[PDB]
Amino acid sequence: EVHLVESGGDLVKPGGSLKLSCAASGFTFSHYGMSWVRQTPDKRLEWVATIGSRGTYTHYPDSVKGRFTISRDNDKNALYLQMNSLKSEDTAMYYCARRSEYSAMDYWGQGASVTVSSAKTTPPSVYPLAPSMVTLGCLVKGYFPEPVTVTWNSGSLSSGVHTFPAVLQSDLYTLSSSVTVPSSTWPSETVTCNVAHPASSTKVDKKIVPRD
């Protein structure tokens, strides 16, 4: 199967630069042109750049022309996107995509998150939420930047989970996650949610223990 894995996303100061990479697998890289597309918080999609399969050509939209540069290394099956002179306006989720045949973007990367702001990294505070079935939860408060991922019991608990979109609370993000289980499971067994905030290399496990 065609696969495009991205990496390099992060928070950068306005004016700073950032290099995003996309690793292709599952096809003859050099036989296909490639593109980068971004999606701003307003959920709108915006084409950012494309490069020929050989790399003999590359063009961009006026919004980034002169600041962004697309590159590819067919020898290492990688696509790149160098961003310089970054602006707050550039904060978005960035995706790489393959161009087919006619020609269309049939395959996309998982997306890299880029945040351009003067705010510095702030790790989260993780608090356990303890009260037929039972619902437990985790409060992930005051962090920056997005995102964070949450897991329950290292990923074992995968169903009956609800992780809510983060919300800005005074320059800082907060979100919570809930998991519903049969009374049989809790408190009999131990339930712990796993919170990870890459930006701050933070990694914590909070156990859900009953009170009193």
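All residue numbers are counted from 1 along the displayed sequence.
- According to the record, the deposited sequence contains 4 to 9 residues between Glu101 and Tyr102 that were left without coordinates.
- Coordinates are absent for 4 to 9 residues of the deposited sequence placed between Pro131 and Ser132.
- 136 to 144 and 81 to 89 differ in mean CA B-factor, and the higher of the two is recorded for 81 to 89.
- The stretch 116 to 124 shows the higher mean C-alpha B-factor when 116 to 124 is compared against 90 to 98 in the entry.
- The PDB entry gives the largest Cα B-factor of the residues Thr180, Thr174, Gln39, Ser154 to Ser154.
- Per the PDB record, residue ranking by Cα B-factor puts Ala49 in the lowest third of the chain.
- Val195 sits in the middle third of its chain by CA B factor, as recorded in the PDB entry.
- For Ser71, the recorded CA B-factor ranks within the middle third of the chain. Only modelled residues enter the ranking.
- Ranked by Cα temperature factor within the chain, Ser25 sits in the middle third according to the deposited record.
- Ranked by C-alpha B-factor against the other modelled residues of its chain, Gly33 falls in the lowest third.
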